[PDB]
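Participant: File work11.pdb below, PDB, C-alpha atoms and all ligand atoms:
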MODEL        1
ATOM      1  CA  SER A   1     115.271 119.192  82.196  1.00  0.00           C
ATOM      2  CA  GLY A   2     111.674 120.591  82.299  1.00  0.00           C
ATOM      3  CA  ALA A   3     108.586 121.122  80.107  1.00  0.00           C
ATOM      4  CA  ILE A   4     105.393 123.260  79.954  1.00  0.00           C
ATOM      5  CA  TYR A   5     102.142 121.273  79.708  1.00  0.00           C
ATOM      6  CA  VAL A   6      99.269 123.334  78.276  1.00  0.00           C
ATOM      7  CA  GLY A   7      96.112 121.784  76.823  1.00  0.00           C
ATOM      8  CA  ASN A   8      97.084 119.028  74.382  1.00  0.00           C
ATOM      9  CA  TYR A   9     100.707 120.309  74.090  1.00  0.00           C
ATOM     10  CA  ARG A  10     104.162 119.721  75.635  1.00  0.00           C
ATOM     11  CA  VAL A  11     106.719 122.530  75.277  1.00  0.00           C
ATOM     12  CA  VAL A  12     110.389 121.591  75.594  1.00  0.00           C
ATOM     13  CA  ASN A  13     113.901 122.862  74.695  1.00  0.00           C
ATOM     14  CA  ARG A  14     114.538 121.642  71.146  1.00  0.00           C
ATOM     15  CA  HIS A  15     118.042 120.424  72.158  1.00  0.00           C
ATOM     16  CA  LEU A  16     116.610 118.181  74.969  1.00  0.00           C
ATOM     17  CA  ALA A  17     113.635 116.735  72.988  1.00  0.00           C
ATOM     18  CA  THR A  18     112.946 112.948  73.036  1.00  0.00           C
ATOM     19  CA  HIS A  19     112.030 110.434  70.248  1.00  0.00           C
ATOM     20  CA  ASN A  20     108.360 110.607  71.368  1.00  0.00           C
ATOM     21  CA  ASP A  21     108.459 114.439  71.035  1.00  0.00           C
ATOM     22  CA  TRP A  22     109.708 114.086  67.391  1.00  0.00           C
ATOM     23  CA  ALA A  23     107.246 111.251  66.640  1.00  0.00           C
ATOM     24  CA  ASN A  24     104.369 113.563  67.835  1.00  0.00           C
ATOM     25  CA  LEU A  25     105.872 116.856  66.462  1.00  0.00           C
ATOM     26  CA  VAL A  26     103.475 119.842  66.281  1.00  0.00           C
ATOM     27  CA  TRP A  27     106.057 122.636  65.743  1.00  0.00           C
ATOM     28  CA  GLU A  28     109.805 123.144  66.225  1.00  0.00           C
ATOM     29  CA  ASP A  29     112.129 126.187  65.803  1.00  0.00           C
ATOM     30  CA  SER A  30     115.969 125.802  65.958  1.00  0.00           C
ATOM     31  CA  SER A  31     116.512 129.576  66.177  1.00  0.00           C
ATOM     32  CA  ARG A  32     114.368 129.675  69.345  1.00  0.00           C
ATOM     33  CA  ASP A  33     115.495 126.284  70.832  1.00  0.00           C
ATOM     34  CA  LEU A  34     111.731 125.394  71.069  1.00  0.00           C
ATOM     35  CA  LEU A  35     109.906 122.180  70.338  1.00  0.00           C
ATOM     36  CA  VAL A  36     106.209 121.481  70.844  1.00  0.00           C
ATOM     37  CA  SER A  37     104.754 117.936  70.774  1.00  0.00           C
ATOM     38  CA  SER A  38     101.211 116.473  71.231  1.00  0.00           C
ATOM     39  CA  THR A  39     100.062 114.691  74.451  1.00  0.00           C
ATOM     40  CA  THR A  40      97.418 112.064  75.421  1.00  0.00           C
ATOM     41  CA  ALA A  41      96.516 113.940  78.666  1.00  0.00           C
ATOM     42  CA  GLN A  42      95.175 117.483  79.292  1.00  0.00           C
ATOM     43  CA  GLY A  43      97.789 120.029  80.582  1.00  0.00           C
ATOM     44  CA  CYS A  44      97.043 122.590  83.304  1.00  0.00           C
ATOM     45  CA  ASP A  45      99.800 125.259  82.905  1.00  0.00           C
ATOM     46  CA  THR A  46      98.610 128.805  82.235  1.00  0.00           C
ATOM     47  CA  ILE A  47     100.635 130.703  79.607  1.00  0.00           C
ATOM     48  CA  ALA A  48     101.079 134.439  80.322  1.00  0.00           C
ATOM     49  CA  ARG A  49      99.867 136.866  77.658  1.00  0.00           C
ATOM     50  CA  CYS A  50     101.733 139.964  78.900  1.00  0.00           C
ATOM     51  CA  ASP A  51     104.556 142.567  78.682  1.00  0.00           C
ATOM     52  CA  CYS A  52     106.089 141.651  82.167  1.00  0.00           C
ATOM     53  CA  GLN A  53     109.802 142.158  82.819  1.00  0.00           C
ATOM     54  CA  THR A  54     109.999 140.634  86.330  1.00  0.00           C
ATOM     55  CA  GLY A  55     109.283 137.092  87.404  1.00  0.00           C
ATOM     56  CA  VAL A  56     110.597 134.033  89.331  1.00  0.00           C
ATOM     57  CA  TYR A  57     112.452 131.025  87.800  1.00  0.00           C
ATOM     58  CA  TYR A  58     113.355 127.519  88.936  1.00  0.00           C
ATOM     59  CA  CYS A  59     117.062 126.717  89.156  1.00  0.00           C
ATOM     60  CA  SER A  60     117.449 122.948  89.576  1.00  0.00           C
ATOM     61  CA  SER A  61     121.218 123.285  90.125  1.00  0.00           C
ATOM     62  CA  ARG A  62     120.324 125.075  93.403  1.00  0.00           C
ATOM     63  CA  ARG A  63     116.860 123.516  94.213  1.00  0.00           C
ATOM     64  CA  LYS A  64     115.624 127.143  94.534  1.00  0.00           C
ATOM     65  CA  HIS A  65     113.269 129.677  92.876  1.00  0.00           C
ATOM     66  CA  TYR A  66     114.866 133.059  92.133  1.00  0.00           C
ATOM     67  CA  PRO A  67     113.164 136.365  91.434  1.00  0.00           C
ATOM     68  CA  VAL A  68     114.621 138.151  88.339  1.00  0.00           C
ATOM     69  CA  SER A  69     114.313 141.233  86.146  1.00  0.00           C
ATOM     70  CA  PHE A  70     114.584 140.207  82.469  1.00  0.00           C
ATOM     71  CA  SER A  71     115.008 141.765  79.050  1.00  0.00           C
ATOM     72  CA  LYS A  72     112.438 142.084  76.217  1.00  0.00           C
ATOM     73  CA  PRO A  73     112.513 139.071  73.813  1.00  0.00           C
ATOM     74  CA  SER A  74     115.220 139.617  71.193  1.00  0.00           C
ATOM     75  CA  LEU A  75     118.019 138.113  69.034  1.00  0.00           C
ATOM     76  CA  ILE A  76     121.081 137.379  71.193  1.00  0.00           C
ATOM     77  CA  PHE A  77     124.397 135.760  70.172  1.00  0.00           C
ATOM     78  CA  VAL A  78     124.853 132.290  71.724  1.00  0.00           C
ATOM     79  CA  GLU A  79     128.298 130.560  71.797  1.00  0.00           C
ATOM     80  CA  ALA A  80     128.604 127.262  69.839  1.00  0.00           C
ATOM     81  CA  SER A  81     127.622 124.035  71.683  1.00  0.00           C
ATOM     82  CA  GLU A  82     127.223 120.273  70.862  1.00  0.00           C
ATOM     83  CA  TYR A  83     123.557 120.925  69.817  1.00  0.00           C
ATOM     84  CA  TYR A  84     123.963 124.037  67.638  1.00  0.00           C
ATOM     85  CA  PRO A  85     126.811 126.003  66.004  1.00  0.00           C
ATOM     86  CA  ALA A  86     127.509 129.692  66.912  1.00  0.00           C
ATOM     87  CA  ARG A  87     124.269 131.646  66.103  1.00  0.00           C
ATOM     88  CA  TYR A  88     121.786 134.369  67.105  1.00  0.00           C
ATOM     89  CA  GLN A  89     118.921 132.808  69.023  1.00  0.00           C
ATOM     90  CA  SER A  90     115.660 134.774  68.712  1.00  0.00           C
ATOM     91  CA  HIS A  91     112.905 135.437  71.306  1.00  0.00           C
ATOM     92  CA  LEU A  92     115.564 135.200  74.060  1.00  0.00           C
ATOM     93  CA  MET A  93     115.334 137.135  77.344  1.00  0.00           C
ATOM     94  CA  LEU A  94     118.409 137.607  79.587  1.00  0.00           C
ATOM     95  CA  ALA A  95     118.533 138.109  83.395  1.00  0.00           C
ATOM     96  CA  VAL A  96     121.380 138.238  85.984  1.00  0.00           C
ATOM     97  CA  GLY A  97     121.261 134.885  87.845  1.00  0.00           C
ATOM     98  CA  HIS A  98     122.784 131.456  88.515  1.00  0.00           C
ATOM     99  CA  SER A  99     122.570 129.053  85.569  1.00  0.00           C
ATOM    100  CA  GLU A 100     124.052 125.575  84.647  1.00  0.00           C
ATOM    101  CA  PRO A 101     123.453 123.376  81.445  1.00  0.00           C
ATOM    102  CA  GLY A 102     121.199 120.866  83.263  1.00  0.00           C
ATOM    103  CA  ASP A 103     119.061 123.883  84.244  1.00  0.00           C
ATOM    104  CA  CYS A 104     117.422 124.082  80.792  1.00  0.00           C
ATOM    105  CA  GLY A 105     113.674 123.553  80.992  1.00  0.00           C
ATOM    106  CA  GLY A 106     113.192 125.388  84.297  1.00  0.00           C
ATOM    107  CA  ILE A 107     110.044 127.506  84.179  1.00  0.00           C
ATOM    108  CA  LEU A 108     110.033 131.333  84.313  1.00  0.00           C
ATOM    109  CA  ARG A 109     106.708 132.634  85.849  1.00  0.00           C
ATOM    110  CA  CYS A 110     105.115 136.040  86.510  1.00  0.00           C
ATOM    111  CA  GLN A 111     101.720 137.078  88.102  1.00  0.00           C
ATOM    112  CA  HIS A 112     100.121 136.273  84.668  1.00  0.00           C
ATOM    113  CA  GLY A 113     101.465 132.734  84.355  1.00  0.00           C
ATOM    114  CA  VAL A 114     104.267 130.905  82.529  1.00  0.00           C
ATOM    115  CA  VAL A 115     106.614 133.310  80.614  1.00  0.00           C
ATOM    116  CA  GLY A 116     109.085 130.779  79.125  1.00  0.00           C
ATOM    117  CA  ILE A 117     111.801 128.195  79.983  1.00  0.00           C
ATOM    118  CA  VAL A 118     115.613 128.281  80.812  1.00  0.00           C
ATOM    119  CA  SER A 119     117.552 127.872  77.522  1.00  0.00           C
ATOM    120  CA  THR A 120     120.989 129.621  77.800  1.00  0.00           C
ATOM    121  CA  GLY A 121     123.344 130.869  80.573  1.00  0.00           C
ATOM    122  CA  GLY A 122     126.844 131.534  81.833  1.00  0.00           C
ATOM    123  CA  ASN A 123     128.955 134.293  83.463  1.00  0.00           C
ATOM    124  CA  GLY A 124     126.280 135.161  86.012  1.00  0.00           C
ATOM    125  CA  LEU A 125     123.572 135.358  83.286  1.00  0.00           C
ATOM    126  CA  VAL A 126     120.552 133.168  82.514  1.00  0.00           C
ATOM    127  CA  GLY A 127     118.582 133.257  79.244  1.00  0.00           C
ATOM    128  CA  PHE A 128     114.885 132.281  78.872  1.00  0.00           C
ATOM    129  CA  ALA A 129     113.113 131.133  75.674  1.00  0.00           C
ATOM    130  CA  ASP A 130     109.904 133.207  75.473  1.00  0.00           C
ATOM    131  CA  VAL A 131     106.513 131.410  74.872  1.00  0.00           C
ATOM    132  CA  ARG A 132     104.068 134.343  75.429  1.00  0.00           C
ATOM    133  CA  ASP A 133     103.834 135.069  71.688  1.00  0.00           C
ATOM    134  CA  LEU A 134     102.583 131.537  70.841  1.00  0.00           C
ATOM    135  CA  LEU A 135      98.848 132.265  70.951  1.00  0.00           C
ATOM    136  CA  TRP A 136      97.952 128.851  69.433  1.00  0.00           C
ATOM    137  CA  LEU A 137      98.993 127.098  72.689  1.00  0.00           C
ATOM    138  CA  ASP A 138      95.451 128.192  73.864  1.00  0.00           C
ATOM    139  CA  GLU A 139      93.273 127.868  70.713  1.00  0.00           C
TER     140      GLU A 139
HETATM  141  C1  LIG A 201     121.353 127.015  80.885  1.00  0.00           C
HETATM  142  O1  LIG A 201     122.470 126.654  80.080  1.00  0.00           O
HETATM  143  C2  LIG A 201     123.718 127.015  80.513  1.00  0.00           C
HETATM  144  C3  LIG A 201     123.971 127.661  81.710  1.00  0.00           C
HETATM  145  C4  LIG A 201     125.290 127.846  82.080  1.00  0.00           C
HETATM  146  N1  LIG A 201     126.328 127.450  81.341  1.00  0.00           N
HETATM  147  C5  LIG A 201     126.053 126.857  80.177  1.00  0.00           C
HETATM  148  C6  LIG A 201     124.781 126.606  79.695  1.00  0.00           C
HETATM  149  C7  LIG A 201     124.539 125.855  78.403  1.00  0.00           C
HETATM  150  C8  LIG A 201     123.962 126.735  77.310  1.00  0.00           C
HETATM  151  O2  LIG A 201     123.781 127.933  77.494  1.00  0.00           O
HETATM  152  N2  LIG A 201     123.687 126.135  76.126  1.00  0.00           N
HETATM  153  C9  LIG A 201     124.057 124.749  75.793  1.00  0.00           C
HETATM  154  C10 LIG A 201     122.855 123.967  75.288  1.00  0.00           C
HETATM  155  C11 LIG A 201     122.170 124.709  74.141  1.00  0.00           C
HETATM  156  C12 LIG A 201     121.783 126.140  74.541  1.00  0.00           C
HETATM  157  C13 LIG A 201     121.195 126.893  73.359  1.00  0.00           C
HETATM  158  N3  LIG A 201     120.006 127.434  73.545  1.00  0.00           N
HETATM  159  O3  LIG A 201     121.807 126.981  72.294  1.00  0.00           O
HETATM  160  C14 LIG A 201     123.055 126.854  75.014  1.00  0.00           C
HETATM  161 ZN    ZN A 202     102.969 138.801  83.234  1.00  0.00          ZN
ENDMDL
END
Before anything else, please render the file you have as C-alpha cells.
Facilitator:
Amino acid sequence: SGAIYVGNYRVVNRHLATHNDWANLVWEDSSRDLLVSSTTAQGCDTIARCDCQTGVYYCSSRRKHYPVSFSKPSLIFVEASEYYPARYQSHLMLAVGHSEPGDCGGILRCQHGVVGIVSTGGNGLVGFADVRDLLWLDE
C-alpha cells in the first residue's frame, strides 16, 4: 500500500483504490495504473518537476529505503494479473531492485521531491508509475 498526498488530492495505484477513492474520483488512468481522488485535509507532499534518473524508494517488504537508477518514463509490457490483462503500461520507469506485490504504493523520491509510486516488479526489477508530468496536482 501507499499514497501521495498533495494539496487537495490523494494519488494511489488504480488497482489498490478504495470505494471512497471512486466516490471522490478526480482522474483515473488504467494504462498508467493511476487514480487520483479528492481529500478533506491539505496534503504536504512536494511533487518533483524534473528530468532526474536517480532517486530512493521505499520497499515495505524489506522495511528499507533503496537508492536506484531508473529509466525515462515509457510504455513497457506488463504480464497479466488479477487487476488487468496483459498490456503495455505507459509512463512506467524501471530500476534494478527488490520488489513484491504488497510493495505497490511505495514512494520514489529524488532531491526535487516525489517522482512516482511502486506499480510493477519481478525478476530483480521494480517499476514506478511516474507523476512528474501531472502539473495540475499543483494548480
Ligand atoms: C510491485 O509489484 C510486484 C513486484 C513483484 N512481483 C510482482 C508484482 C506485482 C505486479 O507487478 N503487478 C500486479 C498488480 C498490478 C500491477 C500493474 N501495474 O499492472 C502489476
Ligand atoms: Zn528530481
Participant: For residue 110 of chain A, which residue among A:69, A:90, A:20, A:123 is the nearest when counting only C-alpha atoms?
Facilitator: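 Going through A:69, A:90, A:20, A:123 one by one, the smallest distance to residue 110 of chain A is for A:69.
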Participant: For each of A:34, A:25, A:94, A:125, take the minimum atom-to-atom distance to residue 4 of chain A, counting all atoms listed in the file, then give the residue where this is smallest.
Facilitator: A:34
Participant: Between atom CA of residue 102 of chain A and atom CA of residue 74 of chain A, what is the spacing in Å?
Facilitator: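 Result for atom CA of residue 74 of chain A versus atom CA of residue 102 of chain A: 23.1 Å, one decimal.
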Participant: For chain A versus ligand ZN 202 (chain A), which residues have an atom no more than 8 Å away, and what is each residue's nearest atom pair and distance in Å rounded to one decimal, using only C-alpha atoms and all ligand atoms, chain-then-number order, as JSON lines?
Facilitator:
{"residue": "A:48", "atom": "CA", "partner": "A:ZN202", "partner_atom": "ZN", "distance": 5.6}
{"residue": "A:49", "atom": "CA", "partner": "A:ZN202", "partner_atom": "ZN", "distance": 6.7}
{"residue": "A:50", "atom": "CA", "partner": "A:ZN202", "partner_atom": "ZN", "distance": 4.7}
{"residue": "A:51", "atom": "CA", "partner": "A:ZN202", "partner_atom": "ZN", "distance": 6.1}
{"residue": "A:52", "atom": "CA", "partner": "A:ZN202", "partner_atom": "ZN", "distance": 4.4}
{"residue": "A:53", "atom": "CA", "partner": "A:ZN202", "partner_atom": "ZN", "distance": 7.6}
{"residue": "A:54", "atom": "CA", "partner": "A:ZN202", "partner_atom": "ZN", "distance": 7.9}
{"residue": "A:55", "atom": "CA", "partner": "A:ZN202", "partner_atom": "ZN", "distance": 7.8}
{"residue": "A:109", "atom": "CA", "partner": "A:ZN202", "partner_atom": "ZN", "distance": 7.7}
{"residue": "A:110", "atom": "CA", "partner": "A:ZN202", "partner_atom": "ZN", "distance": 4.8}
{"residue": "A:111", "atom": "CA", "partner": "A:ZN202", "partner_atom": "ZN", "distance": 5.3}
{"residue": "A:112", "atom": "CA", "partner": "A:ZN202", "partner_atom": "ZN", "distance": 4.1}
{"residue": "A:113", "atom": "CA", "partner": "A:ZN202", "partner_atom": "ZN", "distance": 6.4}
{"residue": "A:115", "atom": "CA", "partner": "A:ZN202", "partner_atom": "ZN", "distance": 7.1}
Participant: Measuring atom to atom with all atoms listed in the file, identify which of A:13, A:137, A:93, A:85 is nearest to residue 38 of chain A.
Facilitator: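 Smallest separation from residue 38 of chain A among the options: A:137.
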Participant: For ligand LIG 201 (chain A), collect every residue having any atom at a distance of at most 8 Å from a ligand atom (counting all atoms listed in the file); output as a PyMOL selection string.
Facilitator: chain A and resi 13+15+32-33+78-84+89+98-104+118-123+125-127
Participant: Find the residues around residue 3 of chain A up to 10 Å (all atoms listed in the file counted), leave out those fewer than 3 positions away in its own chain, and share them as a PyMOL selection string.
Facilitator: chain A and resi 6+9-13+16-17+35-36+104-107+116-117
Participant: Using all atoms listed in the file for the distances, tell me which of A:57, A:88, A:27, A:22 is nearest to residue 108 of chain A.
Facilitator: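 Between A:57, A:88, A:27, A:22, the residue approaching residue 108 of chain A most closely is A:57.
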Participant: Distance atom CA of residue 39 of chain A-atom CA of residue 134 of chain A, one decimal place?
Facilitator: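 That distance, rounded to one decimal, is 17.4 Å.
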Participant: Quick one, how far is atom CA of residue 7 of chain A from atom CA of residue 95 of chain A?
Facilitator: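 Separating atom CA of residue 7 of chain A from atom CA of residue 95 of chain A is a distance of 28.5 Å.
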Participant: Which centre and which edge lengths, in Å to one decimal, describe the axis-aligned box that holds all listed atoms of segment 72-76 of chain A after 4 Å is added on each side, as JSON?
Facilitator:
{"center_x": 116.8, "center_y": 139.7, "center_z": 72.6, "size_x": 16.6, "size_y": 12.7, "size_z": 15.2}
Participant: Applying 7 Å and all atoms listed in the file, which residues near residue 73 of chain A remain after dropping the ones on its own chain fewer than 4 positions away? List them as JSON, numbers by chain.
Facilitator: {"A": [91, 92, 93, 130]}
Participant: Taking C-alpha atoms for each residue, export the selection above as an mmCIF file, keeping the file's coordinate frame.
Facilitator:
data_model
loop_
_atom_site.group_PDB
_atom_site.id
_atom_site.type_symbol
_atom_site.label_atom_id
_atom_site.label_comp_id
_atom_site.auth_asym_id
_atom_site.auth_seq_id
_atom_site.Cartn_x
_atom_site.Cartn_y
_atom_site.Cartn_z
ATOM 1 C CA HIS A 91 112.905 135.437 71.306
ATOM 2 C CA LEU A 92 115.564 135.200 74.060
ATOM 3 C CA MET A 93 115.334 137.135 77.344
ATOM 4 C CA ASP A 130 109.904 133.207 75.473
#
Participant: May I ask which of the residues A:124, A:23, A:2, A:132 is the closest one to residue 46 of chain A, counting all atoms listed in the file?
Facilitator: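 Using all atoms listed in the file, the shortest distance to residue 46 of chain A belongs to A:132.
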